[PDB]
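J.: Have a look at the structure that comes next, please.
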Amino acid sequence: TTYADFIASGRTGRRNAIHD
Amino acid sequence: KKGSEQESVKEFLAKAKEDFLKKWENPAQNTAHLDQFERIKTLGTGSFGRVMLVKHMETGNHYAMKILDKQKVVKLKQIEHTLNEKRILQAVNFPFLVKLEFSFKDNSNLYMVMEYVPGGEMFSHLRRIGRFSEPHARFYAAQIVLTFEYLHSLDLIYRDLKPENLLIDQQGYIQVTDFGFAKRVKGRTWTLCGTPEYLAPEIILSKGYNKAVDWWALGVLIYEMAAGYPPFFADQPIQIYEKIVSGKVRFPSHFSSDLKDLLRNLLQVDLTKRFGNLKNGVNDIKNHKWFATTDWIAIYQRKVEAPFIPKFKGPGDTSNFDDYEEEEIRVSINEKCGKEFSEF
Ligand SMILES: CCn1c(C2=C(N)NON2)nc2c(C#CC(C)(C)O)nc(O[C@@H](CCN)c3ccccc3)cc21
C-alpha cells in the first residue's frame, strides 16, 4: 500500500524548505 | 443563478489593491524593541533562526516572534527573501493570513512579531488523525483558494504552501504563516525555492515561472489532506522531482470522482493547461463540481461552522506545538550585516 511505503520513507516528519 | 457576487468580488479586490499599494509605498519599520517582550518558549526552528512564543509585557498579550540571524541569512542567500517577507506582510490584509504586529532589528538579528495561533499547524493534526474527510479537506481548500485569489490579485506569489505553514485558529479557520518565500512578481521569476514535495515542474526545470506554481501546490495540498500522504514522495528529493515532472499521479481508491477530476486539472505539469491559470482563472476552481456545496461568501465571512476545533487550554498554551530545544538569544556588541539589511 502507498500508505505503508509513505511511513517507510524518511519523509513523514516536518519538511524543511530547500532554503536557497 | 445570480453571479453578481462576481462584481462584488471584483469591487472588493480593487479596494484591496488600493490599500496594499498605499502600505507597500510607505512601509512600517522598527515599531518595537526586544526587551518589550518576554521570551517564553520555542514554537519552531530553521536554518537561519527560530520562532518563539512571547508576551508583550505592558499589554500582557501573547505573540509569536520570528528571530532571524543576519549572518546566517547572508550565508544562506536569503537576504532578499527576508526583505520580501517583511515588506509583503506589512502591506497585506486578509482573514486567513497571520498578521504582522511589529518588526525591528538589532546588532545580530531581525525580528518579526505576529499573531500567535494556538491551535498549531495543520501538519500535526493531519499526521495524528491520518487523513481528513473530503468535506473537512474542502473546508480548508476553500480558504486557500480565496487566499490565493487575494494574493495573486496583488501580484504576490506565496511559494511555500504545505500543512506545516497552515495554522488553525480557535474557530477552526486557517491562518497562513511563513511568508519567507513570498514575492511580488509581475511576469516571471526564477528562484529555486520551496519544499520538494510541493515544487511545481516549472520550478524544478529552472525555466522561469509565475503565480501558477501556487495552484499546483494547492493540488498537492488537497491531495495530502484527503490521502494522508502527498502525491509525490520518495526517500530523497532527487527521486521526488523525477516523479513530479513525469506527468503521472495515482489516487487513493477512496477519492471521489469529482476530487480526482479537480486534482488532475490542478496537477497538470504543463502550466498552460492548469486550473487557476486558464482563461477563467480561479473561477474554474470555484465553479468545479467538488466545490459545489461551498458557500464562498460565508467562508470569507467565517460564517461556516468548522469541522474541527483544536483544544484550547488558555492564552499562552502551546500543547498543540512540538517541543524544541531552547537557546539563549545573544545580541552582539557589534552591528552585523548593516548594509545588507538597511531596508529592513
Ligand atoms: C513556529 C510556527 N510558526 C509561526 C506561528 C505563529 N504565527 N503562531 O504560532 N506559530 N509563525 C511562523 C513563521 C512565520 C512567519 C511570518 C508570518 C513572520 O512570515 N515562520 C515559520 O517558519 C519557520 C520554520 C520553517 N519555515 C522558520 C523559523 C525561523 C527561520 C525560518 C523559518 C514558522 C512559524
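Swiss-Prot numbering applies to chain B: residues 8-351, in that order.
Recorded method for this deposit: X-ray crystallography, 2.0 Å.
Just so you know, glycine gets a Cβ as well, placed from its N, Cα and C.
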J.: Which of the listed positions, B:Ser110, B:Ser115, B:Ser339, does Swiss-Prot note as phosphoserine?
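T.: The phosphoserine feature in Swiss-Prot corresponds to B:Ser339.
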J.: Among the residues B:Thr89, B:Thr198, B:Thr325, which does Swiss-Prot list with the feature phosphothreonine?
T.: B:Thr198
J.: Of B:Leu50, B:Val124, B:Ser339, which recorded positions come close to ligand 1, meaning Cβ under 6 Å from one of its atoms?
T.: B:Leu50, B:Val124
J.: Are there recorded positions in B:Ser11, B:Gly56, B:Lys73, B:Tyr331 whose CB lies under 8 Å from a CB of chain A, and which ones?
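T.: Contact set vs A: none.
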J.: Can you tell me which recorded positions out of B:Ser11, B:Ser140, B:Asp167, B:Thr196, B:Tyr331, B:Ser339 are within 10 A of B:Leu50 (ATP binding site) by Cα, answering none if there aren't any?
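T.: Near B:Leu50 (ATP binding site), where near means Cα within 10 Å, the recorded positions are B:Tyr331.
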J.: Taking every protein chain in this structure into account, which of the binding-site residues B:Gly56, B:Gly127, B:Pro170 has the most other Cβ atoms within 10 Å of its Cβ?
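T.: Selected residue: B:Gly56.
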J.: If we check Cα distances from B:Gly127 (ATP binding site), which of the recorded positions B:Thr49, B:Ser140, B:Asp167 wins as closest?
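T.: Out of the listed candidates, the nearest Cα belongs to B:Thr49.
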J.: Provide the three-state secondary structure of B:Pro170 (ATP binding site) computed with DSSP.
T.: helix
